[PDB]
Ligand SMILES: CCCCCCCCCCCCCCCCCC(=O)OC[C@H](COP(=O)(O)OCCN)OC(=O)CCCCCCCCCCCCCCCCC
Ligand SMILES: CCCCCCCCCCCCCCCCCC(=O)OC[C@H](COP(=O)(O)OCCN)OC(=O)CCCCCCCCCCCCCCCCC
């Protein structure tokens, strides 16, 4: 029944060392200037986070290449099998079905 | 042989969980002894509650959750 | 058993007042992807004890569309903020 | 339902371990062949293992004599054979492949 | 066209190495007789238990003793 | 005495990340023609026990314009998964016999980027606001360079357990039948775990902008600590996969001796790369994943599907 | 409308993953495999409008094979048959 | 080329501990034998059988041929 | 350690949803899913099928939960806040929180109350209810993933994703 | 752009075939999943900020209407485990089934799916493609048919024409006037579906024809009712006579062939001793005609063609399959003794 006590040791040793390093000398008796100087070298920066298109398409493109490796995941379990002409010719399909999705998008990526 | 030593376990388990149930209470608004829940008289497999009844103390946990979370 | 009531109580993470409302529409698309795992789990508890041996490929395929579905829906939610900067579901122009 | 008694139980049970059962295990099944293969027809071809209790003892009683023969004739290479294969981890068969013929030096010949 | 397989391999020899491994991979299972042994090995690995049959008239083959010359040819692997 | 085994594995490895910071610079020093830490040791050897106490005396400020519950939760998840990943790993016996644990490595290596997305957001503005958004973007793209060619050896191993990964290599040292995959296995972990040539993560990263830019030495002491715990763990994972040692059941002592010598050698390379090569200028970093790394990885994937079939050499499971 | 192309030309598009007792790749059945094969034997040429009120026996036990509804109730009430008489004797059985 | 070898020799020992520790717990907790692994549910069935019949409550003590004579 | 380790997980999973089902300022919405996704995987990693649970970390929690947090910066980048520090969040948190206990309160804590609320009891060890054991094939759950019989299944789902890129190769 | 516009357009009808060719609830889930994936580009083409704020009001309405269907499958997965498309074995499932699917066909509840999309899409060209999504779930209610509660399927259908009728007398925008009376013609067919579920398809095949020929007439310039004035004396006066004929046919007047369904559909609704049910609906579609009269009072009476602009040039659009539509959508009432023995 240790899996599950194989990690709750590891996280309660993790959260131990945080509060002892951070929070315990955070109650110390120094002067502790609380003035708004804590931000470094970008003093005010009175703006909202602007949209960047070339850093959105990187999120979606990965997600659609991430799905069909989980289809591709039970290939070693698909070895000790019955009829294997089917198993080979279907395994080669998905990879090409992943490969074409490159080549269409490959004619327009952008400065990624 | 490993099959023929396993089926002998559950009939002992069914007998003790019935014979030490038939001596518990014989009420007139109670049970008949030897009945089944189903209409069809054919040997269906038993259940965890059939073998290990209302006991549920230690060894029943090692029976169910033994193979999972470890050797 | 009680392992199905919880979780069938947890299917009410649709709840339709919080399936399109209120604003910050990302909060509504959140529970659209979080309505899965109340279907991915509620299927997986039933195929697995009752040894079907074949229908357990269906929970694998249940993610594959709903990921591609929600990814499409997230593309358009940039387009509502590409024109504005804020999603804000109390945007309405085309009346009904 | 109706069950057989507490009698037709409590037979002479083979109380051995896992590796010593898997020790011989190979010479075992391929040479008895009357009580056990017919017991499968008593289980597959007709179900309800409450009817089929005779041949459950026919496979068991002959297996009692299988180990009783191997104790009297040749047990000196036997006990060291399942010694090394009990040196555990998956119980491989390629580790004690060297010491397998010292057990089978006479199993083909003596008995 | 015979220069096209030598004047793009001076510019981008990256995807050319991919097609060279994409090709010569679909082609070979139609070629060597090592395949269909890959299905022959994979057929005679017993997972389940062999249930027996019953004598009724036939008696085609394979009597009660297994080590008799009774069954088919799967003993070419030990010689392999 | 299972509980005495876990503490016998967390504690002797915090020295090996503290006695790597010292060998970080002695090895990097003789490349520059200069000695190691000369005066405090005597040979250096007592440097990190003095260089650790200073951090926990020095005042751990929190930034005034920061959030609260996110800023102090990412170093909890930093050391959590940096130390939990050491569990299912055989040497020669693992602590845990997972049925399928090779996949559990990616179940642990996936969530590490979900702290960088926190800490870049949790504290403050532009030198870690957008400057950490383009550090999540490089680490997500090097899983599909990783997960494919991790699967590309499993068609030859046979299954998902790690005990078969030592059994299949008793006569081969499997870097030979797959040496094109072994190249791109290296550069992936060289760029995913945020190291020196592909280095828009830490401190070479516009040379000013990092996720370390705001943590004072209280919470900062783990980030560095935890991070150095990944880099000796992809090295302990490469040398159980390609360059596999020999196991003898009667003598398990000679396993580890011949084993720890090998993971140390690959760990030298992460130091020995940094003293040669310059950076990659974020475009060309990702310009060589899609265009250049990726189509070869599918090519060998289709190669390693057919070749176990048309050899009649199916691995048994 | 239900065109049923796959009955004309003999490919199975799916048809195999439908019911609980169809193929079983290495022949490991379910927990209620014995009642599926028995119940489908009932209504084959029957047009299903008389099958709802004629067969009615081979379906009901099969519903009660799968959920074990009254089997768990006959078991639960034995916890109230005894187990108020914890202190009134009858341990039954003594270990083991 | 000299002083870097003590820097190695403290790190290098620090991974010789956990390999030798765990290998001498499983071999020590179960009495000079390796630890039984069980990947498949059939392989669990041998141990849980063996616990019922070995001597008291253990899967790591043997019965032997001489037990049943 | 108890027999009730499954039931004690699922109540957390129910309370994981009520965390983000109301209105938490969509960066703590990530802290409603990753909590629930692991706790939900704590349920599925019982019962035998471990491969089907460990994929929920890789493809859902590893794939979609980065992109769901890789946005909320490029859009919806207003000045952030925390839930429960406002009045509209706490008023809905407690509403199901009682019923999260009240459903548990009388489903079986009474003897049998009375006819309609006693058909499904809590426990005991019949939650798994899988005895007896099996064979050395797989769990299984293991020999289930097939590039055998299902071919019409894969030829759609492969091809349905291929138009998934071409729809998003445009508008953006 | 041109070739990929077919492959998007081709797979729309490939999504709906798998809905019909299926013996398995998993495949009918995939079937009109990918339709909701492959309509979203057709909404976009010219990128106007109403269209982007219209497809997103289209989108999540057909995400939940998808999502409740998979909930309805997994309930009767627990009950008897058969997955053939047939009766659903559970009244808690079939109730959740029918009023989930009532959003994709939109009935009278689940209301504003129909006007809020179809209005103001700058692609008014077509958007004849909203006849497939009325065709896929009707192919699902042909099988589920002997398992319903018989009250819900009528209460969504009695409300259908009573509120699809009133909704559009207050309109000018003729896309909404086509969007309305598209709930009404979904009211006549699912009021009948429990009673002899064929002679439902008769109403549907008529409804595809008469609506498809309405949009092709509209593709000269027509946007608004005031624009429907200014083409009688300008474009072609034969267009004014044609646009009269189809509307008066689609109102159900017995000299034309939109009276072909009702005339037959009351032959089935009574014969089942249900008389107060058709007499309500038959008198309800009467103020479904006051759309069409008062629309025909615009174009066919020369109502103010001002702002002198001459179209001295010919017309070259593509009026594809137009010459044969108002010759089977008007003149067929004598020639159908049995259309309901071909389709039966
Ligand atoms: C800030 C502090 C507060 C937070 C503190 C809590 C943080 C906890 C975060 C830990 C996240 C780790 C989750 C990893 C889950 C994967 C576990 C796993 O898959 O183990 C492998 C094994 C699979 O079974 P198998 O390999 O077949 O066993 C051999 C049988 N012969 O499986 C097994 O061996 C046994 C399976 C059952 C074990 C119990 C269930 C495991 C999960 C329990 C924790 C629940 C997760 C908590 C939410 C995670 C949040 C990140
Ligand atoms: C028919 C039978 C079958 C045939 C089988 C044949 C097998 C062939 C195997 C080939 C595939 C394996 C080789 C992998 C491809 C190499 C990666 C690559 O393509 O890099 C291209 C990169 C792009 O740059 P370039 O194209 O050169 O243009 C700029 C010129 N001005 O240019 C580069 O060179 C970049 C170099 C790498 C970038 C990172 C460098 C940082 C330092 C890394 C050092 C790593 C050292 C080794 C790793 C450890 C090894 C154990």
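Chains as they are written, first to last, in the entry's author numbering: chain 3, 1 to 112; chain V, 74 to 144; chain 5, 2 to 97; chain Q, 5 to 115; chain L, 5 to 84; chain 1, 1 to 317; chain H, 2 to 97; chain J, 2 to 70; chain 7, 1 to 172; chain 2, 2 to 345. No residue lacks a Cβ here, since even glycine has one placed at the ideal position from N, Cα and C.
(message) Distance check for residue 43 (chain H) and residue 103 (chain V), CA to CA, integer angstroms please.
(response) 35 angstroms
(message) Please tell me whether, using a cut-off of 7 angstroms, the distance from the CB of residue 100 (chain 1) to the nearest non-hydrogen atom of ligand 1 is below it.
(response) yes
(request) Could you tell me whether the stretch 322–337 of chain 2 touches the stretch 200–211 of chain 2, where touching means 3 or more Cβ pairs closer than 8 angstroms? (result) yes
(message) Would residue 15 (chain H) and residue 152 (chain 7) qualify as a contact pair, given that the criterion is a beta-carbon distance under 8 angstroms?
(response) yes
(request) Please report the Cβ distance between residue 16 (chain 7) and residue 29 (chain 7), rounded to the nearest whole angstrom; I am assuming they are in contact, meaning their Cβ atoms lie under 8 angstroms. (result) With 8 angstroms as the limit, residue 16 (chain 7) and residue 29 (chain 7) do not qualify as a contact, their Cβ atoms being about 11 angstroms apart.
(request) Let me have the residue list for ligand 2: C-beta closer than 7 angstroms to any non-hydrogen atom, ordered along the chain. (result) 18 (chain L), 21 (chain L), 24 (chain L), 25 (chain L), 28 (chain L), 180 (chain 1), 182 (chain 1), 183 (chain 1), 184 (chain 1), 186 (chain 1), 187 (chain 1), 190 (chain 1), 197 (chain 1), 269 (chain 1), 273 (chain 1), 277 (chain 1), 288 (chain 1), 292 (chain 1), 293 (chain 1) and 296 (chain 1)
(request) Compute the Euclidean distance between the alpha carbons of residue 220 (chain 1) and residue 135 (chain 1), then round it to the nearest angstrom. (result) 18 angstroms
(message) Can you pull the chain 7 neighbours of residue 29 (chain H), defined as C-beta to C-beta under 8 angstroms?
(response) 134, 135, 137 and 140
(request) Please report the residue range of the alpha helix (DSSP H) in which residue 81 (chain V) lies. (result) 80–95
(request) Run the CB neighbour count on residue 100 (chain Q), radius 10 Å, all protein chains shown included, and call it buried at 16 or more, exposed below. (result) buried
(request) Would you kindly check if the distance between the Cβ of residue 299 (chain 2) and the Cβ of residue 229 (chain 2) is under 8 angstroms? (result) yes
(message) Below 7 angstroms on C-beta distance, what does residue 41 (chain 2) contact in chain 7?
(response) 167
(request) Leaving out five residues on either side along the sequence, give the residues of the same chain with a beta carbon under 7 angstroms from the beta carbon of residue 293 (chain 1). (result) 145 and 184
(message) So, with DSSP's three-state summary, where would you put residue 89 (chain 3)?
(response) helix
(request) On the DSSP bridge assignment, give the partners of residue 60 (chain L) in chain order. (result) 62 (chain L)
(request) Could you list which residues in chain 5 have their beta carbon closer than 8 angstroms to that of residue 117 (chain 2), in chain order? (result) 95, 96 and 97
(message) Let me make sure I understand the geometry here. Which of 34 (chain 7), 62 (chain 7), 66 (chain 7) and 46 (chain 7) has the alpha-carbon closest to that of residue 142 (chain V)?
(response) 46 (chain 7)
(request) With DSSP collapsed to three states, give me the class of residue 85 (chain 2). (result) coil
(request) Could you name the residues of the same chain whose beta carbon sits closer than 7 angstroms to that of residue 52 (chain 2), not counting the 5 residues immediately before and after it, in chain order? (result) 44, 45, 122 and 123
(message) Taking the alpha carbon of residue 122 (chain V) as the reference point, which residue from 77 (chain V), 74 (chain V), 97 (chain V) and 137 (chain V) has its own alpha carbon closest?
(response) 137 (chain V)
(request) Would you mind reading off the limits of the alpha helix (DSSP H) that contains residue 278 (chain 2)? (result) 277–283
(request) Tell me whether residue 104 (chain Q) sits in a helix, a strand or coil according to DSSP, three-state version. (result) helix
(message) Less than 7 angstroms separating the Cβ of residue 39 (chain 7) from some heavy atom of ligand 1?
(response) yes
(request) Using a Cβ-Cβ cut-off of less than 7 angstroms, give me the residues of the stretch 25–41 of chain Q that come near chain L, in sequence order. (result) 34, 37 and 41
(message) Using the three-state DSSP reduction, which class does residue 271 (chain 2) fall into: helix, strand or coil?
(response) coil
(request) Sort out for me which residues DSSP pairs residue 225 (chain 2) with in a bridge. (result) 174 (chain 2)
(request) With DSSP as the reference, label residue 289 (chain 2) as helix, strand or coil. (result) coil
(request) Run the proximity test for residue 112 (chain 1): is its beta-carbon closer than 7 angstroms to any non-hydrogen atom belonging to ligand 1? (result) no
(request) Starting from the beta carbon of residue 115 (chain 7), find every residue of chain 5 whose beta carbon is closer than 8 angstroms, and list them in chain order. (result) By Cβ distance, chain 5 contributes nothing, its closest Cβ being about 17 angstroms from residue 115 (chain 7), past 8 angstroms.
(request) May I ask whether a heavy atom of ligand 1 can be found less than 7 angstroms away from the beta carbon of residue 142 (chain V)? (result) yes
(request) Can you say whether residue 233 (chain 1) is buried or exposed, counting buried as having 16 or more other CB atoms within 10 angstroms of its CB? (result) buried
(request) Grab the span of the alpha helix (DSSP H) containing residue 30 (chain 3) for me, first residue to last. (result) Element bounds for residue 30 (chain 3): n/a, residue is neither H nor E.
(request) Measuring only between beta-carbons, confirm whether residue 37 (chain H) sits less than 8 angstroms from chain V. (result) no
(request) Assuming residue 218 (chain 1) and residue 14 (chain 3) form a contact by the criterion Cβ under 8 angstroms, report the distance between their Cβ atoms to the nearest whole angstrom. (result) Actually they do not touch by this definition, with Cβ atoms about 15 angstroms apart.
(message) Measuring only the C-alpha atoms, how far is residue 165 (chain 7) from residue 102 (chain 3)?
(response) 9 angstroms
(request) Mind the definition here: the stretch 105–115 of chain 7 touches the stretch 290–309 of chain 1 only if three or more C-beta pairs lie below 8 angstroms; say whether that holds. (result) no
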